[PDB]
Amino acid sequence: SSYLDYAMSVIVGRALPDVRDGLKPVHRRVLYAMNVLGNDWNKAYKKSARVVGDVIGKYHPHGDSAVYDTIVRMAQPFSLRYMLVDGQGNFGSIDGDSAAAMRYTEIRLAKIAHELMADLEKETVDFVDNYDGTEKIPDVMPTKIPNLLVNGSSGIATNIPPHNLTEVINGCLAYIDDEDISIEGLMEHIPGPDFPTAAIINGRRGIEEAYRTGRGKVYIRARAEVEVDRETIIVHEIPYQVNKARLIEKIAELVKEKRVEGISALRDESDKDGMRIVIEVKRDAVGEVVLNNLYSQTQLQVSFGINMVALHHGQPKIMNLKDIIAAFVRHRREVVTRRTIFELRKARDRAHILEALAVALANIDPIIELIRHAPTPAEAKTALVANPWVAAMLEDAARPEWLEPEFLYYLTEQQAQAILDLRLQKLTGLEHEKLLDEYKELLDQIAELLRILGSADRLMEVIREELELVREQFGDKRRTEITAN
C-alpha cells in the first residue's frame, strides 16, 4: 500500500490495546521483563532502576523516564482498578505529585499479574523479535483476566473504563452458557464501569448505549455530603482521571472571580484515613445550592466519553460489550488448547527420557563395564548405541509423535548420553522407585490431556473453572455507584 497507510498503521499499533490482554507493547514488555527477572510477588522487592534498565536494555530502549512512568502508573491505586505492579515507596499522588526516583522505589509483580502471564512458558502465545533481534517478546499475554474490561485503556483514539472483575467474570461465564445472550443479558452481571477511585454514575442510558454500539457518553459525579458544624461540604471520592489538586485551584479561582458563591473556607484535609475536601458554606448561603452550582462549573462533575476501540486481529475495531467478552473467551480457548498440546508433548518427551533411564538401571552393570572400556565418551556412547536392551509399566502413548518407529528396548543417541550423564547419586536403590512414580503419574496425565483435546465441552469446563478461580482469588466489592434515578 501507500507509505501513508503504513505510517498510520504503526502509529495505531502503539496507541491501541489488544482486546485479548488490554496491554500495549510498552506494558507487555515491562511486565515480561519482570517475569524473566524472577521479580515475583513472593520474592524480595527489587529497585525500580533494576527493572527499568532490563527493559531499556532488551525490549524497549526509548527513554528511562518513559519506561519508569509506565511502571509507576501500573503501581498507583488511583489510576488502575486492579494494580499489576506491587510497589513500595513514594509512587506519586492523585494531586499529581511525582513518584520518587527509580533508585529508591521498590517493585515486584502483583499476584494478579502472575495470572495475566499464566502459562507463558508453555508456548501458548506467539513471539516477536526485539529491536536488535537478540531477544523474543510475546505478541500477547496468555491472560486469565479480561484486563481490557477490568482495567480499561486510554487513547492519545480509544477510551475504555475499568470494570469490576467479579461482575465481568460472571458476564464471561454467562457468555459461556449461551453464546447468543443479549447485551441486556450481559448487563445483568455487568451493570456498568467500576472505577478505582469510587464515585457516582448518574446516567444509566450512556452505559447501555456504549455496551451496545461501543460508543457512548456517561456521567460521573463526586460523592459530596453536606455537614453541620456552620455548613461544610465534604468530598469522600471524586471522578476517575481527575487531578484533585488542580480541582482545588479551580474552586479557589472561581470564588476569586465570584462565578460561584457561598464559600468562606476551602481546605484540603486529605490524610492517611482517606480523601477529604472541605468547603465551608458562607452564612446566608445554602450548602446544596452551592454544591449544585459547583457541579455545574466544576470538574466535580465529569462526563466520560466511552469509545471502545481495540486491536482485534492487528486491526482497529469499534466493539460493543459482547464483542470484547467473546474475544477474551476465544483467546482463552486458544491458550488452553495450545497449553495442553505443549503439556502433552513435554510429558511424552519426559516419559521417553525416563524409559531409557529406567532400563539403564536394570542393565546397569554391563553399561558400567562398557563405560570403563572406551577411553572416549563417544566410543562408549557408540557402544551403547550398537546393542538394544517393569514390563507392566511399559504397557505406546508415552512416546512422542516425532519419535521414529524403530526406536529388548531401542535407544536414542541422546538417551545414550543421558545414561552417560547421570550422576552417581541417582544410582541409589531409592531413586529407582521414585522415578517409577513420576513415570506412572505422567501416564495418568497424558491420558487426561488427551481426554481434554478430544472433548470440546471438557475444554470449556476447564476454562470455566479457571474463571471461577479468578473471581474468588481476586474478586472484590464494587466502588462506584450507578444511580439511574
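Counting begins at 1, following the sequence as shown.
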*What is the count, as a class, of unmodelled deposited residues between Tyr131 and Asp132: none, 1 to 3, 4 to 9, or 10 or more?*
none
_Please compare 89-97 with 320-328 and say which has the higher mean C-alpha temperature factor in the record._
320-328
*Could you settle it for me: does 272-280 or 100-108 have the higher average Cα B factor in the PDB entry?*
272-280
_Options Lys43, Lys47, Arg423, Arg28 - largest CA temperature factor per the record_ = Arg423
*In the PDB entry, which of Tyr410, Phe342, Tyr295, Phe127 has its C-alpha at the highest B-factor?*
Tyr410
*Report the third (lowest, middle or highest) to which the CA temperature factor of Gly429 belongs, ranking only the modelled residues of the same chain.*
highest
*Third of chain Cα B-factors occupied by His352*: highest
*Compared with the other modelled residues in the chain, in which third is the CA B-factor of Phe78?*
lowest
*Just say lowest, middle or highest third for the CA B-factor of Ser65 relative to the other modelled residues in its chain.*
middle
*Place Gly192 in the lowest, middle or highest third of its chain's C-alpha B-factors, as listed in the PDB entry.*
middle
